[PDB]
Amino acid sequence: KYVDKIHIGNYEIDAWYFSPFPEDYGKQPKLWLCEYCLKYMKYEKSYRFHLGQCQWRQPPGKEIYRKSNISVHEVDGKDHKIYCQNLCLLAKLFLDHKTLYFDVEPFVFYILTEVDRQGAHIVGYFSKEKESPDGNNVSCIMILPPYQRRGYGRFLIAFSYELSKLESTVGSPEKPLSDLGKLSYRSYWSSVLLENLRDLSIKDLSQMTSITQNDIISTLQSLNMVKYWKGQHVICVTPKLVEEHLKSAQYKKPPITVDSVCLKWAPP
């Protein structure tokens, strides 16, 4: 029997996939997770006793973003190994294609939290390889189900690209993406590229956004905004065609924005 239900903070959440928690944890009707330190527990009693004891009220690592009650914590896999393993086991409950849970040393983890008077409540995260040969600026990205489709995933996507900008590189998410990750990236790429086209070559868009050119081109192909000429993709759009796509209904939700002013992060 596998873990199929968890209790984290004030949420109960059904699992989507097998996650390799130890055998005795899976057997339980559900797992109980501290929302701050990510310790997983077998019983409501041990969970309740932990809530009385745990002094964590936020992720470990360094708070590299804070604007109002939105916060990002950066957590090195080698410095905080238990915590990151727990994060990975939690994430594999909702990620089919994630394969790495216990070897967390090569990754850094970016934890999105919503803060209130009692603490910084975990919303989701993305991992990132410390040195990615393939140039991927996201390895796995995961919004917990109660927070999905509410702007947090978009926030985390924008954030991964703000880091890629500060590193003076382009990046792309590691593939395959979930069905919901595909739609989220496509929607984000559209948004960003359309806004820049309204406000330019494919290389310019790439440098301005840190989106790779492949991702730009394939997004413009699906928007039908690219011509082909003698082997080169070329941007073919009129200022009104862009505005037609933008003011359409599928971009009308007000984002949680990444404010670069509030991103205290230096590239190493």
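In case it trips you up, residue 1 is the first one in the sequence shown, and so on.
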Here the number of deposited-sequence residues unresolved in the coordinates between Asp199 and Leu200 is 4 to 9
Taking the recorded C-alpha temperature factors, which stretch has the higher mean, 168-176 or 88-96? 168-176
Of 53-61 and 236-244, the stretch with the higher mean C-alpha B-factor in the deposited entry is 236-244
Most elevated Cα B-factor in the entry, residues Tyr83, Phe159, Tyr125, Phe102: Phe102
Using the B-factor values recorded in the entry, state whether the Cα atom of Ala15 falls in the lowest, middle or highest third among the modelled residues of its chain. lowest
In terms of its chain's C-alpha B-factors, the third that includes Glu35 is the lowest
With respect to C-alpha B-factor, does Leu194 fall in the lowest, middle or highest third of the chain as deposited? highest
Third of the chain, ranked by Cα B-factor, where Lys45 sits: lowest
Consider only the C-alpha atoms of the modelled residues in this chain, order them by B-factor as the entry records it, and name the third containing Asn137: lowest, middle or highest. middle
